[PDB]
Every structure is written in C-alpha cells, then in structure tokens.
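Visitor: Make a model of this:
(one chain, ligands or ions: 3)
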Amino acid sequence: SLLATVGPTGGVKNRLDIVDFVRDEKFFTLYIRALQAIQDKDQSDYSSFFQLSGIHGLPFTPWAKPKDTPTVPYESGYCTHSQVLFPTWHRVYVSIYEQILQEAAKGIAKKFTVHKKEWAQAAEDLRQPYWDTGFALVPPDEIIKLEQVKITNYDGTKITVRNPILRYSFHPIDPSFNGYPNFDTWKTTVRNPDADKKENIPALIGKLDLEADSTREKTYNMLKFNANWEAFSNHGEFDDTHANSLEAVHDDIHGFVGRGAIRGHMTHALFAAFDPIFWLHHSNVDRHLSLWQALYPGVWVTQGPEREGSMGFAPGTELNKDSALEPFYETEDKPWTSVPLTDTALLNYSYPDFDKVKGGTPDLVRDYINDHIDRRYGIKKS
Ligand SMILES: [Cu+]
Ligand SMILES: [Cu+]
Ligand code: NA
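Guide: Numbering: from 1, shown residues only. Ligands and ions are numbered 1, 2, ... in the order given. There you are, the coordinates:
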C-alpha cells in the first residue's frame, strides 16, 4: 500500500454520538473544516473524499496501490456485502476515513490564531461520530436540514459556513458514472429524490419519523439474538435466516435516505459512499459490532464464499478470518485481517457505551452492556 490504514492518532478516544458531537464547538468546527477540506481536494488525490468514498463502489479502480501490483481479481467495488467479511471490512473502512479525516483536521487546527494547543488537542481527540439510528432515527438539523452551520472561526469569532455534511459536490462527475442514467447528470449527491430528480428533505424527515419505532425493534433483535456469525455477518441472499443480521438491519438505513420516488445515492452500493452521511451510518454500524461483541465474546469471523463479488474477492472465492481486507493495510507490506480487528483499540478508537466499565471483566461488561441495550432499544418511543 501507498497509504496504510493505521487509524487516527492521540491514543484511544471515543466516537461521540452525533447528537452530542454537534454540541461540541471544537469537534464540530474541526469536522466541518476538515470535511470541506477533503471534499475540495483533487479527486485523483488518494487522501481525498472522492477516492476514500470511491473505495466502496465506483469507480472500479485500485486504491493506494503500488506501481507494479498484480491486477485485481475482479473489477468492481471494494466493499464486502452478503458475505462473512461485511462487519470487519467496514470496520477498517471507517478507520482509513477517520484517519485521513483527522489528518486534515490537524492542518486545520494550525490555522487557528488563538488556543492553538486546544485546537491541536481537539484534532488529536477527533473521531468519527456515529448516528444512533436505533434510538434516534431522525438526526440533528446540522446533519439533515441546515444549509448553513455555526462554527468557530480561526480568530475565535463565531461564523456560519455552508454545510459539507448534507452533500458532496463532484468535481468533476467521474467518467465511470456515464452508463448510469440518473447519477451521470447529478452534480451533487442527493437524498430521497423525487420524480423530477429534485431532493426532498421534508419528505425524508417524515419517512424517518414513521420508520423510527420499527427501526429500534429491528436493532434490538439484531444485537441481542445472534449466536452464530453467519446469521449475524451478512444478509445474503436476503433470505429469512439472515434477516436479523448486522447487514440486514444496516440496509434499511440506506433505503430510507437514498430511496425516494427514484433511487438516490444512499440506496445504491456504487454511489452510497459518496454521501457524507454514509460515514455517520457505518460508524454506528461499527458501534453495533462493538456492542454485540460485549454480548457474544469469543464469536468472530467464520468461513464463507464470496457470492456478490468485490475487487478483493471474485465470486466463489472462499473467505475466512485470515482473508486479506483490501485495500486496507496494517503496514506497507501487511494487509489487514479479521482476526486482530476484534480490538478497536488497535485503531485508537472506542465508544462511550463502555466508559463506566473500562478494564472490567468480560462477565461484568456483558451484563452492563446487556442492560444498556435493553434499556435503550427495548423500550417505547423516545
Ligand atoms: Cu459497504
Ligand atoms: Cu452501507
Ligand atoms: Na472503487
């Protein structure tokens, strides 16, 4: 790899709930600045928003690969779907994003004229916030509605700049979008589009509000009831025995956001990553994995075939815990694997759900987290 996925820096910090995250002046300002920074980078820059999101689906090109690397076994996206590697591949996927996103936030923290240390420390603690869809499906206005958002300027004064969280603006629309009727002319990413291809946020807020109750119940059953890895990892082939998987419950959020009258970006695996809200989603999807690990310790990746097909594995290939997770590398010559990814500390992150039980026995944690899930996703509306 040209850019190994080593994760963020500054020790093990928590990925905050977006509801709390937006209330944090330093974190929110750094996120809005850094996110705009990587969105404005050249799309041929590997550490740019485009190439980072491009890893998931289109374009079908290698990411941060050496000059004389062997041809990829399959021309398609990188993301692993309908297979046993879904949870682990996406865990390290958010890691490279969070890593690159912090790196931009460091340069941002140097532009501040006052409190240079505190801005430097905030960047060090900066992590990808998660969207708790199971407890609060309707996100904050900063994420879904506010065209302009309040941040702190480099002099300390409060200003309002355009919100980079709502949508990404292609520059240009990559030549690999040509064949697809609606996404080739769409200048920016779109959520819940109408028949006239116009974005419809109001209808989206309405959709989420109604799907809220069912989403909490789906999330509850997913977290608590999954002994074997096969039924928990993937959904394929959208059957009943996988309906309670981490991915199946994960699919509903892509549909809610992307699927309107016509299909938007979030409801298409080849374009879903380009929507900025994609990362808040899969940060929470990763939190589910962390919570599930607390309930089902010892259970991890089991063997399974590549059914859909990705640029890492051709259809029919056998996959296990020792399978390489392209294009994510521990070092220059060592690809990531599922085995070590049980410990998020290796990527310098964690979730606030575990704060009151740090350094506790697996038994105490399993009881604390279980009560946590029951109390949060096992009760009535919020
Ligand atoms: Cu994916
Ligand atoms: Cu997804
Ligand atoms: Na790609």
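Visitor: Do me a favour and get the end-to-end distance for stretch 137-149?
Guide: 21 Å (Cα to Cα, to the nearest Å).
Visitor: Pull out the buried positions in it.
Guide: 137, 138, 139, 140, 142, 143, 144, 146, 149 (16 or more other Cβ atoms under 10 Å). For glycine as for every other residue, the C-beta is placed from the backbone atoms N, C-alpha and C.
Visitor: repeat for stretch 290-310
Guide: 290-296, 300-301, 304, 306, 308-310.
Visitor: Closest one to residue 363 out of these, please.
Guide: residue 294 (10.7 Å; Cβ to Cβ).
Visitor: picking that back up, relative to residue 36, which of the buried residues of stretch 137-149 is nearest.
Guide: When the buried residues of stretch 137-149 are compared against residue 36 (criterion: Cβ to Cβ), the nearest one is residue 149, at 10.6 Å.
Visitor: Quick one: residues contacting that closest one.
Guide: 28, 32, 142, 160, 161, 162, 163, 165 (Cβ atoms under 8 Å, 6 or more residues apart in numbering).
Visitor: Any chance of the residues you listed in a markdown table with distance to residue 64 and secondary structure as columns?
Guide: Below are these laid out as a markdown table (distance: Cβ to Cβ, whole Å; DSSP: H, G, I helix; E, B strand; the rest coil):
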| residue | distance to residue 64 | secondary structure |
| --- | --- | --- |
| 28 | 29 | helix |
| 32 | 26 | helix |
| 142 | 31 | helix |
| 160 | 35 | strand |
| 161 | 30 | strand |
| 162 | 29 | strand |
| 163 | 29 | coil |
| 165 | 25 | coil |
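Visitor: mind listing the helices in the stretch 51-200 of the chain by residue range?
Guide: Secondary structure of the stretch 51-200 of the chain (DSSP state H, counting those that start in this stretch): helices at 86-109, 116-125, 141-144.
Visitor: could I get the ones you listed as TSV with distance to residue 277?
Guide: As requested, the helices of the stretch 51-200 of the chain are arranged in TSV below (distance: least, Cβ to Cβ, whole Å):
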stretch	distance to residue 277
helix 86-109	13
helix 116-125	22
helix 141-144	7
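Visitor: so where do the strands sit in the chain?
Guide: For the chain, the strands defined by DSSP state E cover 13-14, 148-152, 158-162, 304-305, 318-319, 349-350.
Visitor: Tell me the one among the buried residues of stretch 137-149 nearest to residue 223.
Guide: residue 137 (15.8 Å).
Visitor: residues contacting the closest residue to that closest one other than its chain neighbours?
Guide: Once flanking residues are discounted, residue 137 sits nearest to residue 212: 4.2 Å by Cβ to Cβ, 6 or more residues apart in numbering. When contacts are counted by Cβ under 8 Å, 6+ apart, residue 212 touches 137, 138, 381, 382.
Visitor: if you set the cut-off to 10 Å instead, what comes out?
Guide: 133, 134, 135, 136, 137, 138, 381, 382 (Cβ atoms under 10 Å, 6 or more residues apart in numbering).
Visitor: Which one (most neighbours) among the contacts of residue 149?
Guide: Greatest neighbour count in those, by other Cβ atoms under 10 Å, goes to residue 165: 24 neighbours.
Visitor: Can you tell me how far it is from residue 34?
Guide: 12 Å (Cβ to Cβ, to the nearest Å).
Visitor: got it, and residue 219?
Guide: Per Cβ to Cβ, residue 219 is found 29 Å from residue 34.
Visitor: which of these two has more neighbours?
Guide: Just comparing residue 219 and residue 34: by other Cβ under 10 Å the higher neighbour count belongs to residue 219, 26 against 23.
Visitor: That one contacts residue 376, correct?
Guide: Yes: here residue 219 reaches residue 376: they are 9.2 Å apart, a contact under Cβ atoms under 10 Å.
Visitor: Mutual contacts of the two, please.
Guide: 132, 134, 135, 291.
Visitor: Which pair of the residues you listed spans the longest distance?
Guide: 135 and 291, at 11.9 Å, using Cβ to Cβ across those.
Visitor: list residues touching both of those two?
Guide: Common neighbours of residue 135 and residue 291 (Cβ under 10 Å, 6+ apart) are 219, 376, 377.
Visitor: Format those residues as a markdown table; extra columns: distance to residue 329.
Guide: Converted to a markdown table, those look like this (distance: Cβ to Cβ, whole Å):
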| residue | distance to residue 329 |
| --- | --- |
| 219 | 32 |
| 376 | 36 |
| 377 | 35 |
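Visitor: What is the nearest of the residues you listed to residue 176?
Guide: When the shared contacts of residue 135 and residue 291 are compared against residue 176 (criterion: Cβ to Cβ), the nearest one is residue 219, at 34.1 Å.
Visitor: rewinding a little: need the strands of the chain in JSON lines with distance to residue 203, can you?
Guide: Output for the strands of the chain, formatted as JSON lines (distance: least, Cβ to Cβ, whole Å):
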{"stretch": "strand 13-14", "distance to residue 203": "34"}
{"stretch": "strand 148-152", "distance to residue 203": "22"}
{"stretch": "strand 158-162", "distance to residue 203": "22"}
{"stretch": "strand 304-305", "distance to residue 203": "38"}
{"stretch": "strand 318-319", "distance to residue 203": "39"}
{"stretch": "strand 349-350", "distance to residue 203": "34"}
